[PDB]
Structure formats: C-alpha cells, structure tokens
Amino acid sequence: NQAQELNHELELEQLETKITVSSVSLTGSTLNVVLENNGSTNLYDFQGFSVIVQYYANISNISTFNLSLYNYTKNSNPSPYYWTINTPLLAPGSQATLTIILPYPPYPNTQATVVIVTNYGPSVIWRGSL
C-alpha cells in the first residue's frame, strides 16, 4: 500500500534531519545566519522552509517589537521580508550563509529570536542580541 510507503519515507526523513546555528551577525538591516547541516538528509527545498524573526526594530529612535515570516527567494537582490542562501543544496556536514532582509535596522543591544524550520519539520531556535 502506498500511503504506508510515503509515510515511511517521510518519517525517516524527519528523523534524520537536523540543523544548528553556528553564528549570527548583523549589518545594517541584513541579518546573516550561518546554518550547519548536522543530519543525514540534503536540504534544498527552501520554498518549504520557514524563517521567522522576532526582534526590536529602530523606528524613529523608538525600539518597537517586530514579528515576521520571511519567504525564500533566488533573487540576488532580495526585498525586506525575504531571505536567500548562498548554496543550491546544503549537504550533510556543510555550512551555508542565510541572508535575511529585515524591514528596519535592529535597535542596539536588544534581544531577538530567530526560528529556522526545514521543509521536513525539524527546526532550530536562536536567541541572542542584535
């Protein structure tokens, strides 16, 4: 039966998928996260990822809560609320830099939460200061 086989394959892809955040660094309104693939699946279906950021924007010198979903794009010049990645396929053991275009520059020394979800389900949460 074929639902049985589809679910079999998917659940083992979920078991074997793992990602972690090596480093995070900010420049202007662009956030650069260095993602490392610690699983045994290839990651490439970035349209099906999630990238969610909760941070404190600097709007007219007022520190203002911001929560947003960012969508993937291959566009090399991404708009705010978009992100891109400098590899076509992130293989087990590899790293890649994910570039996220925030709508405002972060207010200095404010905390932030970055959630990165693979297309299979397993995710990573990073909490820190921007």
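For every residue, the number given is its place in the sequence shown, counted from 1.
*Asks:* Would you check the entry's CA temperature factor for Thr84 and let me know if it's in the chain's lowest, middle or highest third?
*Replies:* Its C-alpha B-factor belongs to the lowest third of this chain's values.
*Asks:* Quick one: classify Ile62 as lowest, middle or highest third of the chain based on its Cα B-factor.
*Replies:* For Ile62, whose C-alpha B-factor we compare with every modelled residue in the chain, the answer is the highest third.
*Asks:* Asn77's Cα B-factor: lowest, middle or highest third of the chain?
*Replies:* Highest third - that is where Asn77 ends up once the chain's C-alpha B-factors are sorted.
*Asks:* Lowest, middle or highest third: where is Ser68 by Cα B-factor in its chain?
*Replies:* Its C-alpha B-factor, which the entry lists for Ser68, ranks in the middle third among residues of this chain.
*Asks:* In terms of the chain's CA B-factor thirds, is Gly93 lowest, middle or highest?
*Replies:* Lowest third.
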